[PDB]
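Right, one structure below, let's go through it.
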Amino acid sequence: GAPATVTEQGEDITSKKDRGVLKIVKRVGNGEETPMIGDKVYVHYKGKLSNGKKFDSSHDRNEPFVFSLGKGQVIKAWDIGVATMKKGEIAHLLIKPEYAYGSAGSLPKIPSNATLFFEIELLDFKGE
Ligand SMILES: C=C[C@H]1CN(Cc2ccccn2)C(=O)[C@@H]2CCC[C@H]1N2[S@](=O)c1cc(Cl)cc(Cl)c1
């Protein structure tokens, strides 16, 4: 399925080249510009654990998730990954725990040492 495919066929987008965050572009977005640090970014996403369970979805809430890029308001992989996306792009990310919740995990659903899968859509990005 999609998690296996990004595991086996994704591109390493980390600065360290440690394979901690792999990406596939599923839908090409608009033009060449990616967001800049501090931009307000609007995303839709779904996340799955390695046991196949969906653990989160913005679609199911009927509202996007909004954060300021590059500020550690999200897991490291999201700051790295969304920074690579164009407006309108849909991507898959496959994230080792060092770029997510590490050994701590995150109650209630994310265990220790969890590799995570996301599908993300970058809806919009704006400076403030
Ligand atoms: C509102 C949910 C955010 C939570 N965070 C930031 C964060 C803040 C505080 C505690 C744990 N994570 C995040 O960095 C990432 C990426 C952005 C989307 C969501 N998460 S994960 O999908 C997530 C989903 C759910 Cl249901 C619970 C948790 Cl602990 C984490």
Side-chain angles (χ1 to χ4, degrees), residues 1-15 18-31 33-45 47-52 54-70 72-108 110-125 127-128:
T5 295
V6 57
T7 299
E8 294 177 351
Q9 308 295 332
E11 183 176 288
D12 186 359
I13 61 165
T14 65
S15 62
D18 65 11
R19 290 183 56 97
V21 184
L22 303 175
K23 182 183 181 197
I24 294 174
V25 177
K26 297 290 292 181
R27 183 175 69 199
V28 173
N30 304 146
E33 191 176 8
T34 63
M36 67 169 289
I37 182 168
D39 281 350
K40 190 171 183 204
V41 297
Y42 292 73
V43 302
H44 266 306
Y45 70 97
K48 301 187 80 176
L49 300 181
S50 49
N51 71 1
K54 168 167 71 184
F55 65 85
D56 199 2
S57 166
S58 62
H59 302 276
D60 292 342
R61 287 190 289 269
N62 300 310
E63 64 180 44
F65 181 78
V66 182
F67 69 102
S68 301
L69 188 62
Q73 296 180 354
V74 291
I75 59 172
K76 290 171 173 173
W78 272 47
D79 271 341
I80 294 162
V82 173
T84 73
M85 296 180 70
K86 292 171 193 78
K87 182 171 177 171
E89 181 177 318
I90 303 175
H92 289 179
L93 299 179
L94 192 289
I95 302 162
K96 302 309 288 176
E98 298 78 7
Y99 291 84
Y101 299 96
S103 52
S106 201
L107 291 311
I110 302 177
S112 184
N113 301 326
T115 291
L116 304 181
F117 170 84
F118 292 86
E119 178 170 278
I120 302 171
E121 178 175 358
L122 179 54
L123 303 162
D124 200 11
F125 59 92
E128 302 178 354

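In listed order, ligands and their atoms are each counted from 1. All residue numbers refer to positions in the sequence shown, counting from 1.
The N/O atoms of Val74, backbone and side chain alike, include none that comes under 3.5 Å of an N/O atom in ligand 1. Here's the thing with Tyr101: one of its N/O atoms is less than 3.5 angstrom from an N/O atom of ligand 1.
Heavy atoms of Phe118 found under 4.0 angstrom from ligand 1 belong exclusively to the side chain.
If you number the atoms of ligand 1 from 1 as listed, the ones under 4.0 Å from a heavy atom of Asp56 come out as 19 (C), 22 (O), 23 (C), 24 (C), 25 (C), 26 (Cl). The contact set between ligand 1 and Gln73, taken as ligand atoms under 4.0 Å from a residue heavy atom, comprises 6 (C).
Checking side-chain atoms of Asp39 against main-chain N and O of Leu69 turns up no donor-acceptor pair under 3.5 Å.
Classified by interplanar angle (parallel below 30°, tilted 30° to 60°, perpendicular above 60°), the ring pair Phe118/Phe55 is perpendicular.
Between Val43 and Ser58, every side-chain heavy-atom pair lies at or beyond the 4.5 Å cut-off.
Looking at every heavy atom in both residues, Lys54 comes nearest to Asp60 through NZ-OD2, 2.8 Å. Scanning all heavy atoms of the two residues, the minimum distance from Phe125 to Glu33 falls at CZ-O, 3.8 Å.
At a 4.0 Å cut-off, at least one heavy atom of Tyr45 sits close enough to ligand 1 to count as contact.
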